[PDB]
Each structure stands twice: as structure tokens, then as C-alpha cells.
Amino acid sequence: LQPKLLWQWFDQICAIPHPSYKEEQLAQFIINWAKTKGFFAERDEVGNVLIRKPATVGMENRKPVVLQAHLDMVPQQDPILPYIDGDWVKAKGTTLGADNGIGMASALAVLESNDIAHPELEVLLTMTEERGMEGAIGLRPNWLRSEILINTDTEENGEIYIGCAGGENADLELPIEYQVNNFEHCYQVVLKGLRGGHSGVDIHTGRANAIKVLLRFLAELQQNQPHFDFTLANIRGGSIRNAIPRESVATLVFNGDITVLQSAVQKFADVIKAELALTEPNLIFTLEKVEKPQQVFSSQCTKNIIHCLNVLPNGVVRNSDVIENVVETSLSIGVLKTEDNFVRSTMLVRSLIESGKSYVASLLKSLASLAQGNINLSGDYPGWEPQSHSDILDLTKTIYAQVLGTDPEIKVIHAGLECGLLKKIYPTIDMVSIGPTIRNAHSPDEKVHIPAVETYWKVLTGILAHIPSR
Amino acid sequence: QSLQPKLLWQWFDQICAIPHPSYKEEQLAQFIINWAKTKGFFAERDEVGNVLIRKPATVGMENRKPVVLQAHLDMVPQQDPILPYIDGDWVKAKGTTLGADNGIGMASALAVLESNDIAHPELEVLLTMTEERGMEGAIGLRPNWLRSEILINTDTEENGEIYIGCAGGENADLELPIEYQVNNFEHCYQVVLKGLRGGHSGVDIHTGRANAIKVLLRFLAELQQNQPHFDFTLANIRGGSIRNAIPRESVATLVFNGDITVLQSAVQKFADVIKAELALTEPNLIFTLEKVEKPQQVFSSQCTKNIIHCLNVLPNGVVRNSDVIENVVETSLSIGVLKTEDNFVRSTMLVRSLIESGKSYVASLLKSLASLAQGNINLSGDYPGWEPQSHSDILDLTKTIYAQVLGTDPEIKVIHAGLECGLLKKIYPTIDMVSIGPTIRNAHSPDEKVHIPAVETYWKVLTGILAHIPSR
Ligand SMILES: [Zn+2]
Ligand SMILES: [Zn+2]
Ligand SMILES: [Zn+2]
Ligand SMILES: [Zn+2]
């Protein structure tokens, strides 16, 4: 499969298990390989790989360039088995690692080659992008000699990213008080079959959050059906902080006829189907009898947990006025769990601007106070603000338009790239992000468009061939 | 009484002459009925006071489907006559609301009745009561009363646009209890936010306009979260003027101990943040800090904290954009007034949705908030939305005429604001309905103005439709 060097590298990248905390084997393999070619190869304290290669003949007075990619991939320690589908490539029943392995392979392909024009070259392969961007955060400053950085972590052909959102984890704990269970019945209200998505790139859509839809039901039920005597026994939903939840469950104990609960579920199921129709075709509520616990939440605890999580802000907080068709600030709750004595909600706050993040954090701290819970903030990273001017963008646009035959789109993404952290440590470096079309990253649905990788290559190499004088 | 079409404008001029604010419609209603009767038209009012006038088909239009033109009698006063004038290509009232909403539509329906040389089928003119304070007319409209098979609502306010649908609405008032303490704090200053744009809480909610009440609450919340050693409590808190207007001003009175500069700094830093965030959208936003007389009693700190945090969390703005319709907000809400009363803080909101279950969801949200905050939600003024018909022959004709008159095709939309059509279609399911009207800007605002050449284009579309209504 062409281009040989890129794909032979990707094939090799797949062979070495390299999930988001087992990066060593790949990191060491790459360092070793670099040294056998006579390339400078180093790792910083945090473990970021830096390789260097001199300018090609005739390219010596031209601005030095670092191609940057992240080492790790999402596992959602044994090797990856890929295959060619049609015009696509995918891993056998798992995440492929096209994010960010194709970018990385292309950077090494350039290093390996002897017939690609490029200036003085760095290749920076960062640690742990996918779990709190530890590499980018602890990158050694005054280390890179490059004046230009080409981040290869964008995932859409014909698009050049010049910006991205920053992020921050927020965890809400709400206390659980229990009572002895003396209720006649125990059933789970089960919600399933939602689309899901990536809580950044898909937050703009009309897609629904399963945790929030269940909480909507329970709030309405408690509000409108005061003679339905029940309390929660437990409650949960979702899987991962930055994924839109697709399943949720609440265990309910109650007195009286099961049919009362059944009817409430039905009427709500029918309402929500009317509302979501095209957007959530597979949404299903079920009502499933379960073993009766010895202890359950107190009635007051139930009301506090239901009403808190129903009011809980979720989704688009603000759309951008400055940039076109971009969410400025959002948040999403990806996991809900009932632990000993607390109910835990796991959220990712996103914004292009720092003050949008802090504002959401203010909202959550207001909610927690009303509800006598607590917010824990962690994992804060800065966004990537579009530069006022960029020479590398000018060139990247010129080349992309030559290769495609139509103009490319210049955008900022409502998700996390490392560029904000990198520009934090290297403010004078002119930065851009590109990359071929990769679908459904972070998930076992991960596909990479074959011809987009070729177009990407021609654009990459085209840019490298034409970097201007210092 | 100068401009053309004469009959419409002479009628509008008459309409302005008769004070007709949203509960003093009597004088106008009686003026219209008596006038109708002098022309030998059937003229009646129903139990609620809606005016119905009837006029036969013009010669040659006898086998054609009967039509009712509908407008509302009342205008928003935010009992003395109105003083209009011709600015440029615009008409305005002398320092007040004009009544172009819905007086121009109403004038046009009366002009048609008055005419003797405009083709039209068997005609009705329905003028509804009290549209601007809860659609009392439309709610209480007599059924099996109108003989018309087609209704043309005239309450749309944009040239070249045909509306086939609209939002329903519901008033939501949240009361939060106040507990007081004797004031023994050293200082009393007001944090004054002014200079925001404002707007209509329906049609402008999709924009990035800010809400003066919500912005203040954001400051106050952040201050209390981040400045734990700043010893203060609220003395009172207010904002806005009217439920369906986006608030442009708000004030909190704070009493506090220690240096005034601590609060100066907190405002200054927040004012700078918000100015950066809203650069484009809110260029005139100004925070000031104004010394005020020290009250005898102030809120307790627990109370101050409950009310600051409830109202920061309080959902405001777009709740959901439509999936089925392009570029239309499906569900929103807006807090339009905040007031400190004896023993309660009152928040005055309008909830809007195109669908009933969107309204009820927002209602649920609010009732969850109020539970947490130990206050109360009161719901009132519920009205249904207007769901686009699966098919409409009057739309087709409207589409054709408008395209002929304009030269380009018109836009066919559903609007995120209240029209009476939801209520009317409720009572008259079999009537084919559509909404049109001339460009009117800043209705409800004393900046209300109507574009004169638009009223002339509207006239040609109205009369063109009436001339071509098909056979029964
Ligand atoms: Zn990724
Ligand atoms: Zn990546
Ligand atoms: Zn109005
Ligand atoms: Zn109106």
C-alpha cells in the first residue's frame, strides 16, 4: 500500500503495543531506529521523543520544522491486528491507532526518506496525549530548535485547524443517606440504544445524553406523581468522561401496583421518541424486575439527587460569535456511579477561552452548594487561540489548494489538541494542524480513509518542499 | 394621513388617534363596529369581546372560498393618544410605542372592507382581544362562529417572509424566600450593570445577546465562591422591566465589611473578562459601583448564598435548537424581571417551545431548581404553538403572489415567538392558515418603527391573494 514508507511505518506502529500508558516499547524502538540512521535522538524528563535530521541539499537556509504527533492510542498491552477494508483500514475488533499513528508514521517516513526536500527537521513524539496530555504539559522548553510546528493530529481531509478548545475535568459528589428497605417492589428503569459520540466534536449535534434523559424522567415522575411512593436504590450511566453516554439505569423500590411505574415509563418513552424521532432512532426504555436490596436511599436523598442531576447543566453553553459554526463553551457528563455514601458524576468542561471554563465551573459550584455536594476540578489544559497571522498557514493553504484543486477549509475544533499546551511552552513557534480523514476515533469503529492519507502525504511533503528562508 | 395606500394609512392614522393599549381596547372596538354598521356590514362581538365583521364577495368572486383576515386590537404600552410621524421611509411614534404591531395589519383589513374596487371573496375580518397580555381574545374566541375556510393572520413583521408556524409559551414565576438580619456591616454599595442591548426574548434568543440579570448573578456567584474572606450580604436585588424583553440593566445592593477596594477590584476584573467575552455582541456594557444609603435590615448570609446560587444556575436562553426545521430555536426561556419584595425574591420568566413537551421539560427543570433552593414555581399563561400544516393551498397562493410582487421567492419560516394562530387553529382546525405582514422593527420597544415601502408591498401581496383565492 502506497506511500510505502508511511504505511510500512504504520504497520510497524501497530505491531508494537502502545496504549495510553504502555508507550515505552514504541518509544524505545523509534529511538533505536533513529540512531541506526545517525539521527540525534533524545527523550525529555517526561519522556517525549525528539529526533533531528539535517536539511536536505538546497534546503539549508530554510526555517527548521518539527512534525509533532502523539505516541499513544486509546485502548477502548497485547498487539494490534489491522486489515484493508475497501478504501479504509481498521483494527480487528478494537481501536486501530490511526489517531495519531498515521501522523506519526508520516513524520518517520520523512525521516527515513532520501528523496524528500525538507529543511532542518525535528520530530517530536509526545507522551500520554490521550490521558491528560502529560507530554505536552511537561515538554522541556528551550529544547526544540524548530521555528514551525506541524501538528498531525487533525482527522479530516481538506481541513486545516488553527485552534482548539481547552478542557477541565469536573467531578460532582452528592452524599447518599440510606434507610432500611421496607418497600414492596424493586424494578430498574433501563435506558439504552442512544447514538453516543465524542463529547467535544459531537456536542453541537442534537444527540442526547442518556444520563440526563433518565434524570428528566425521574424528575417528572417525582414532580407529577406525588402518590407514587418510591425511592432510589441506586443510579448509574455512561462509561467514559469524554464519551456521550448511551446507556443509563436507575433502580427503584416502590409501593403499589407496578403498572403505575410502567405507565409513567411508557408515556415518557412515547414523548421522548416524538421529540428525538430522527436523532435517536434506537432509544429504548425497559422496566426490569430485580432483587430487593436491604438498604435504599432516603426519600430526601432521592429528591436531592434527582433534582440536582436534572438541573445539572449539560451540552452547549455558548456558541462562538467570533468564529463561524463553532461551539465556544460546552460541558458533558459522561459517567454516573453510585458509590458507598456518594453519587459521583464525571464531566468534561470545554471552552475555546479560559473564562468560559471558569464560568461553567462557577455554575457547577453553585449547583453543588444548593445541593450540598462538592465539585472537584482537575486536568485543566489551555485551548489553542488562532494566531493573529501565520506564514505556515499561508503556505499550508497554498499547497492544500494545489493538491486538492479546491480551497481547503480553515477551522478551529471543539475538542482537545496539544497545540495550546505546546504554544504555551513555545510561544514563538508558528503552528498548524492537519491530517487525513479518520472516522470514529477513541472507539472500535476507528477507520482511516486510504486515499486521504495519500493526499495528506502530498500536502505534507509539498509544504516541506517549500518552507521559506530564515 | 398622507401616504399610499390611502385607505390603510388613513385607517392606521385613525387607529393611532384612539388610545388602545392592551386593556383599554373598548373605544377602538366600538369605533370599528359603529363604522362597520354605517357601511351596512354585519358587525358583532363575542362573549370575550373579539370583533367579527362580514362583507359579501365582490362581483364575480361569489364561488370562491371565504376568507377571514385576522389582527389583534391591542398594542403594548411599554390611556392618552398616539403621535406618529414620517421619518424617512419609516413611521414612528413621538417617544413611545407606535402600535404598528398589530395596527397596520388591522388597518389593512379595514381598508379592504372599506374599498369598492378590490376583488375579494366572501370576507371576514376578525379582530382579537388582548393578544399582548396572554392572548385572552384568541383563547376565548367563539367556536362555529367564523364562516371562513381560510385565515390570513397579519401579525408577521418581516417583508418577503411567510410564517407557517410558531412557538407556544408559558409564564414561569420563581419565588425564593428572604430571611433578614439587622444590618451591622460597615459599607453599602450597589453593583450597577447597564448598557446591554436587550431584545425580544423570542425572536432574539438565538443571538449571542446577554441577559443583564444573569451577568450580575454570574459576578456575584464568582465573588462569593472565590473571595471567601470578602464579608458581604445582599441588601436587595433587581433587574429588567418586562417578562418577554431581554434585560438591559440590573442592580444588586451589597453591604460589606473591610476595604471598598476589594469590591472595586472584583468588579473591575469581572468587567474586563466579560468585555473580552462579549466584545462584538455587547459594546456598551458598563459596570459601575455606587455608594448608597445603609439599610436597617439586609438578607441573611444563608439567604444571600441561596439566592445568589439558585439564580446563577437558573437555566436561561436556548435550551434546544430544532432538528426538523432549519435555523429555528425549538425551546428556550428568558428571565425578564427580577425583584426583591417583602419576604421573597421574584423571578419572572417566559418559557417558549414549538412543542408542548419542550415547555413542560423546562417547567420540570425550574421545579427541580426550586426544590433545591426551597422556593416555588407558579405557572400561568400557557398557550399552544402553531404546528405547520402537512399541506396548505393558501400558502401556495401566498407563495406565488409574493414571488410575483417581489421578483424573488419569499422565505417560508416558522418563528420562535408567539402568534395567535396556534390558539385559532385549536378552535378552528379545518381553516387553512398563514401569516404575513410588513417589516416592523423593535415592536414592544419605544423604538418601534414600520418600513413604508414594505407596507405598500404587503398591500399588493394581500390584495393579490384576495384577488386570486380559488373556487370552493
Ligand atoms: Zn485521540
Ligand atoms: Zn490525537
Ligand atoms: Zn407584539
Ligand atoms: Zn402582534
Side-chain angles (χ1 to χ4, degrees), chain A residues 13 18-20 68-75 95-104 107 125-133 135-136 151-156 161 164 167 198-201 242-243 348 384 413 415-419 421-422 433-436 438-443 445-446 448, chain B residues 20 22 70-76 97-107 127-132 134-135 137-138 153-158 163 166 169 200 202-203 244 383 386 415 417-424 435-438 440-444 448 450:
Chain A
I13 282 161
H18 65 281
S20 200
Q68 185 268 327
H70 65 90
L71 284 158
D72 69 305
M73 55 170 288
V74 141
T95 41
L96 180 64
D99 175 8
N100 188 192
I102 290 284
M104 172 165 41
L125 303 179
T126 44
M127 289 286 264
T128 315
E129 187 278 318
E130 212 73 78
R131 295 281 282 99
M133 306 180 187
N151 172 280
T152 65
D153 202 9
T154 285
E155 312 199 345
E156 279 304 334
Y161 294 153
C164 74
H198 177 264
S199 79
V201 298
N242 69 342
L348 185 48
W384 180 31
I413 189 185
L417 296 174
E418 299 163 269
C419 283
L421 282 164
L422 298 174
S433 185
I434 58 172
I438 313 179
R439 288 280 146 71
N440 313 304
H442 297 69
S443 56
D445 299 336
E446 192 177 356
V448 55
Chain B
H20 63 275
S22 193
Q70 185 267 315
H72 63 74
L73 278 158
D74 66 316
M75 61 176 278
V76 169
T97 49
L98 180 54
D101 164 20
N102 189 194
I104 296 287
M106 173 162 33
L127 309 168
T128 48
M129 286 289 273
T130 314
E131 191 276 336
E132 302 287 14
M135 307 195 179
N153 168 283
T154 66
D155 203 14
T156 289
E157 310 196 355
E158 284 304 323
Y163 294 158
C166 78
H200 177 259
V203 179
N244 62 347
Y383 62 91
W386 180 27
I415 191 190
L419 295 166
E420 294 162 284
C421 290
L423 286 169
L424 303 170
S435 187
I436 62 167
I440 301 170
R441 303 290 174 192
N442 308 137
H444 309 156
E448 191 180 332
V450 60

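Just so you know, ligand 1 is whichever comes first in the structure, and atom 1 is the first atom listed for that ligand. Order of the sequence lines sets the chain letters (A, B, ...), proteins ahead of strands, with each chain counted from 1. All heavy atoms count here, side chains included; hydrogens, waters and symmetry mates do not.
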Problem - Gap between atom NE2 of A:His70 and atom CE of A:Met133 - 0.5 Å precision - result: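 Rounded to the nearest 0.5 Å, the CE-NE2 separation comes to 8.5 Å.
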Completion exercise
CG of A:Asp153 to CG of A:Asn100, rounded to nearest 0.5 Å, is 4.0 Å
Handout entry: the Zn ion (ligand 1) to nearest N/O/S of A:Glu130 below 2.8 Å
Key = yes
Practice task
Give the name of the N/O/S atom in B:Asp101 that lies closest to the Zn ion (ligand 4).
Solution key: OD1
Exercise for the section: Answer yes or no: is there a side-chain heavy-atom contact under 4.5 Å between B:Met106 and B:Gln70? Expected result: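 With C-beta onward as the side chain, the pair stays apart.
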Problem - Donor-acceptor contact present, side-chain A:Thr95 to main-chain A:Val74, <3.5 Å - result: yes
Problem - N, O or S from A:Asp153 under 2.8 Å to the Zn ion (ligand 2) - result: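 Yes, within the cut-off.
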